[PDB]
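The chain below stands alone and is given in structure tokens; this is the form deposited in one PDB entry.
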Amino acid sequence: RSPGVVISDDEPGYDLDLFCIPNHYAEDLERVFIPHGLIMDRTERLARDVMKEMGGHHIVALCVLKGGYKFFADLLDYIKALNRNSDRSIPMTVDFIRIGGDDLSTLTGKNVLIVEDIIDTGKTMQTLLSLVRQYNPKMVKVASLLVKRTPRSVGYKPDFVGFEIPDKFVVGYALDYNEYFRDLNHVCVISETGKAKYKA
């Protein structure tokens, strides 16, 4: 339904000085695009949407490592918060994929929620949705923190979107650039003095 929080092309983002930033990343980042707390507030709402739509059956929460781990944890924490303060409640099991994970035979007949960090071309998720559906789940839904407006898009749209962003390489909140920037709490844009430095 919703395209998520839409971030425009001309969005300047925030100065790093305005926030508390992991200072081993001072000169490598351009601006802060999505502050940690903004992600949290958005994730809280997403959690309520997920429960409204899939909270009528047992849910299997599928975390796509590594970039999705932070989103996955916070999303589940907000779901768990709903489940212990409402009369409506569904049990959840958790799984982790990259390669690994449990036998996807456990997905049969269950409500599967795939949790991803970002959709670019959409190829990764199409491949994943292809492989999951061959085990006939009761329901497959996909929640992605980010969706990128890009000419290379297939045209796939996930079921839950946190943020729709421009075609710029974002890092932070578990999103990496060659395994760097994962320990950053905010989603920020990597600079050239950060790209060339951490390249390859």
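Residue positions are given as counts along the sequence shown, with the first one as 1. Just so we're on the same page, rigid core means the largest C-alpha set that superposes within 1.5 Å between forms.
The form deposited in another entry exists for this protein as well; it is not shown, and the discussion that follows is about that form.
Asks: Would you indicate which listed residue, out of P35, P158, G67, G55, moves its Cα by 2 Å or more between the shown form and the other one relative to the superposed core?
Replies: It is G67; the other listed residues stay below 2 Å.
Asks: Superposing on the rigid core, I want to see if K80 changes position between the shown form and the other one - specifically a Cα shift of 2 Å or more.
Replies: It does not, since the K80 C-alpha is displaced less than 2 Å between the shown form and the other one after the core fit.
Asks: Does superposing the core leave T93 with a CA shift of 2 Å or more between the shown form and the other one?
Replies: No, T93 moves less than 2 Å.
Asks: With a shift of at least 3 angstroms, figure out whether the C-alpha spacing between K123 and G172 grows or shrinks in the other form: closer or farther?
Replies: Farther: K123 and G172 separate by 3 Å or more in the other form.
Asks: Note whether the distance between the C-alpha atoms of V142 and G67 decreases (closer) or increases (farther) in the other form, against the displayed form; the change is 3 Å or more.
Replies: Note: Cα gap between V142 and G67 widens in the other form.
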